[PDB]
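**Student:** Below you will find the structure I want to go over with you.
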Amino acid sequence: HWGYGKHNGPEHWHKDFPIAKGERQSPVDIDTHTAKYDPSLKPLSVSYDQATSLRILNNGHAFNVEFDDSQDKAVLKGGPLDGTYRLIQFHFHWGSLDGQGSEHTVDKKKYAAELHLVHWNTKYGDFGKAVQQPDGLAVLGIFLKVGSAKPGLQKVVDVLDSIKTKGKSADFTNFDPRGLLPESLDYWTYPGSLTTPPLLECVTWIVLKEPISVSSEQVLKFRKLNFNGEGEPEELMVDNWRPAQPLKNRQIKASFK
Ligand SMILES: [Zn+2]
């Protein structure tokens with residue numbers, strides 16, 4: 001099955017998931033000079049005050065911090081979005097080295113990592129239905145650079161030892177995702193896809209311009225995770241990012257001048 005290795009990595013995915021070569025695949029390079037300011041973009045609304053985290057899971061390709069999405073608690077709206085999108089999970093993609101790891105790039109620049117806060121459109125009732133719709137998901141993407149520590153990330157970092165291998169989970173309640181956001185909510189937005197198989201073309205991407213800073217020690221602990229299950233040969237969970245895909249017939253819009 002698919003992964004990020006030499007023989008099952010992104011260049012292989014199209015054989016099982018032909019949509020890999022589709023018309024609105026993600027991630028993409030964000031050419032900042034070609035992106036156009038769109039004054040019709042409403043302000044972005046991130047309402048995470050009632051967020052209820054439940055669990056953190058190593059799923060063999062990343063780790064997911066999962067939320068209770070059975071009520072409108074933590075929601076994303078405004079910006080390019082019509083209606084209300086409910087937070088279901090967040091996860092990261094990261095590199096083996098600080099110079100790579102992000103999925104989106106900015107004028108071909110790669111960041112050390114990228115945070116994805118995944119939301120689904122409540123008009124479709126559940127997440128499984130939402131991924132079958134062109135406007136089913138909204139993913140808020142946030143770049144990570146290495147510098148000062150992000151205090152709000154440390155609780156995530158310290159539980160990773162308990163979910164080292166594929167299929168392990170741990171209770172992870174009362175985590176506040178507001179601690180992972182940068183100061184500015186300036187963003188780029190474009191229509192795209194899941195960046196992992198099945199690569200469904202159901203995502204409105206909202207990528208923040210301002211990165212957050214995390215420490216070398218924090219990202220080093222990401223890199224101690226395992227792709228493998230317990231009692232299997234160790235393969236470090238690093239470079240779990242898909243590279244930039246062709247933009248094709250799409251325009252990236254900016255929320256800012
Ligand atoms: Zn992702």
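Chain labels A, B, ... are given in the sequence in which chains occur in the structure tokens; within each chain residues are numbered consecutively from 1, and ligands are likewise numbered from 1 in the order shown.
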Check the DSSP output for the backbone and give back, as number ranges by chain, the residues of region 9-257 of chain A in alpha helix (DSSP H).

**Tutor:** A: 127-130, 154-159, 216-222

**Student:** So that I can see what lies close to residue 192 (chain A), please list as a list in words the residues with an atom at most 9 Å from it, counting only C-alpha atoms and leaving out residues fewer than 3 positions away in the same chain.

**Tutor:** residues 23, 24, 25, 26, 27, 28, 134, 195, 200, 201, 202, 203, 204 and 205 of chain A

**Student:** Would you output that residue set with N, CA, C and O atoms, as an mmCIF file, in the first residue's frame?

**Tutor:**
data_model
loop_
_atom_site.group_PDB
_atom_site.id
_atom_site.type_symbol
_atom_site.label_atom_id
_atom_site.label_comp_id
_atom_site.auth_asym_id
_atom_site.auth_seq_id
_atom_site.Cartn_x
_atom_site.Cartn_y
_atom_site.Cartn_z
ATOM 1 N N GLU A 23 -7.431 17.368 -12.087
ATOM 2 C CA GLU A 23 -7.457 18.779 -12.449
ATOM 3 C C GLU A 23 -7.362 19.743 -11.262
ATOM 4 O O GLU A 23 -7.157 20.938 -11.461
ATOM 5 N N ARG A 24 -7.489 19.247 -10.034
ATOM 6 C CA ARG A 24 -7.375 20.145 -8.876
ATOM 7 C C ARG A 24 -6.695 19.428 -7.712
ATOM 8 O O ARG A 24 -7.236 19.307 -6.611
ATOM 9 N N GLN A 25 -5.472 18.971 -7.973
ATOM 10 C CA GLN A 25 -4.684 18.267 -6.974
ATOM 11 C C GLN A 25 -3.882 19.204 -6.071
ATOM 12 O O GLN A 25 -3.509 20.315 -6.476
ATOM 13 N N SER A 26 -3.661 18.750 -4.841
ATOM 14 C CA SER A 26 -2.894 19.493 -3.843
ATOM 15 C C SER A 26 -1.728 18.647 -3.347
ATOM 16 O O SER A 26 -1.797 17.427 -3.391
ATOM 17 N N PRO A 27 -0.666 19.283 -2.833
ATOM 18 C CA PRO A 27 -0.466 20.723 -2.665
ATOM 19 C C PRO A 27 -0.022 21.366 -3.969
ATOM 20 O O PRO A 27 0.137 20.667 -4.979
ATOM 21 N N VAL A 28 0.179 22.680 -3.932
ATOM 22 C CA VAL A 28 0.701 23.438 -5.058
ATOM 23 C C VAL A 28 1.747 24.424 -4.569
ATOM 24 O O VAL A 28 1.833 24.732 -3.373
ATOM 25 N N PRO A 134 -17.426 18.564 -3.883
ATOM 26 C CA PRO A 134 -16.376 19.503 -4.310
ATOM 27 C C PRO A 134 -16.099 20.582 -3.275
ATOM 28 O O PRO A 134 -14.995 21.130 -3.237
ATOM 29 N N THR A 195 -4.222 15.662 0.275
ATOM 30 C CA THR A 195 -2.849 15.446 -0.172
ATOM 31 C C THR A 195 -2.379 14.018 0.086
ATOM 32 O O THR A 195 -1.253 13.678 -0.243
ATOM 33 N N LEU A 200 -8.997 12.812 -2.897
ATOM 34 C CA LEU A 200 -10.279 13.311 -3.370
ATOM 35 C C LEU A 200 -10.286 14.827 -3.535
ATOM 36 O O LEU A 200 -9.712 15.559 -2.719
ATOM 37 N N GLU A 201 -10.942 15.294 -4.588
ATOM 38 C CA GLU A 201 -10.924 16.713 -4.935
ATOM 39 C C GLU A 201 -12.092 17.442 -4.280
ATOM 40 O O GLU A 201 -13.043 17.902 -4.937
ATOM 41 N N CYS A 202 -11.977 17.571 -2.959
ATOM 42 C CA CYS A 202 -13.076 18.015 -2.110
ATOM 43 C C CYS A 202 -12.689 19.151 -1.185
ATOM 44 O O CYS A 202 -13.467 19.507 -0.306
ATOM 45 N N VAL A 203 -11.501 19.721 -1.364
ATOM 46 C CA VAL A 203 -10.983 20.671 -0.374
ATOM 47 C C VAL A 203 -10.903 22.113 -0.852
ATOM 48 O O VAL A 203 -10.346 22.390 -1.908
ATOM 49 N N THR A 204 -11.443 23.036 -0.060
ATOM 50 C CA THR A 204 -11.078 24.438 -0.198
ATOM 51 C C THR A 204 -9.872 24.664 0.693
ATOM 52 O O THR A 204 -9.958 24.531 1.913
ATOM 53 N N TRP A 205 -8.737 24.968 0.070
ATOM 54 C CA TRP A 205 -7.502 25.214 0.808
ATOM 55 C C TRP A 205 -7.405 26.658 1.253
ATOM 56 O O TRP A 205 -7.634 27.572 0.466
#

**Student:** Which of these, A:209, A:104, A:7, A:150, has the shortest distance to residue 247 (chain A) once you count only C-alpha atoms?

**Tutor:**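 Distance minimum relative to residue 247 (chain A) lands on A:104.
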
**Student:** With only C-alpha atoms as the counted atoms, please give the residues lying no more than 8 Å from region 56-72 of chain A, apart from itself and same-chain residues fewer than 2 positions off, as a PyMOL selection string.

**Tutor:** chain A and resi 3+51-54+74-75+86-93+163-172+226-229+237+240

**Student:** Given the selection you just returned, output its residues as a file containing C-alpha atoms, formatted as a compact mmCIF listing (two decimals), in the first residue's frame.

**Tutor:**
# COMPACT_ATOMS: atom_id res chain seq x y z
CA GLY A 3 3.40 5.54 1.64
CA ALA A 51 -13.01 22.86 20.86
CA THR A 52 -13.04 19.39 22.44
CA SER A 53 -9.97 17.30 21.65
CA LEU A 54 -10.30 13.61 22.45
CA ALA A 74 -14.82 24.39 16.87
CA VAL A 75 -15.73 25.83 13.49
CA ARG A 86 -16.49 21.72 11.71
CA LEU A 87 -12.99 20.84 12.97
CA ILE A 88 -12.48 17.07 12.97
CA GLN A 89 -8.70 16.69 13.32
CA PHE A 90 -5.33 18.25 12.79
CA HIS A 91 -2.03 16.71 11.77
CA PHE A 92 1.35 17.71 10.38
CA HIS A 93 3.69 16.91 7.53
CA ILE A 163 2.23 6.79 20.20
CA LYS A 164 5.56 5.95 18.60
CA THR A 165 4.29 3.30 16.22
CA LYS A 166 1.47 2.81 13.73
CA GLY A 167 -1.92 2.08 15.29
CA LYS A 168 -1.12 3.47 18.73
CA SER A 169 -3.41 6.05 20.28
CA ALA A 170 -3.59 7.99 23.54
CA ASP A 171 -6.16 10.07 25.39
CA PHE A 172 -5.62 13.70 24.48
CA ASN A 226 7.70 5.54 13.39
CA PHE A 227 5.88 4.66 10.13
CA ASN A 228 6.03 1.01 11.18
CA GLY A 229 3.97 -0.85 13.75
CA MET A 237 8.36 8.90 10.24
CA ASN A 240 5.67 12.41 4.93

**Student:** Hey, which of A:120, A:94, A:256, A:13 ends up closest to ligand 1? Count only C-alpha atoms and all ligand atoms.

**Tutor:**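 Looking at the shortest contact to ligand 1, the residue is A:94.
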
**Student:** Can you list every residue in region 12-250 of chain A that DSSP puts in strand (DSSP E), as JSON, numbers by chain?

**Tutor:** {"A": [29, 30, 36, 37, 44, 45, 46, 47, 53, 54, 55, 56, 57, 58, 63, 64, 65, 66, 67, 75, 76, 77, 78, 85, 86, 87, 88, 89, 90, 91, 92, 93, 94, 105, 106, 113, 114, 115, 116, 117, 118, 119, 120, 121, 137, 138, 139, 140, 141, 142, 143, 144, 145, 146, 169, 170, 171, 187, 188, 189, 190, 191, 192, 203, 204, 205, 206, 207, 208, 212, 213, 214]}

**Student:** Just want the 7 Å neighbourhood of region 183-187 of chain A, counted on only C-alpha atoms, with same-chain residues fewer than 4 positions away dropped. Output as a PyMOL selection string.

**Tutor:** chain A and resi 206-210+254-256

**Student:** So, with only C-alpha atoms as the atoms that count, which of A:144, A:95, A:45, A:215 lies closest to residue 4 (chain A)?

**Tutor:**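 Smallest distance to residue 4 (chain A) is found for A:95.
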
**Student:** For ligand 1, which of A:129, A:221, A:257, A:119 is the closest residue, counting only C-alpha atoms and all ligand atoms?

**Tutor:** A:119
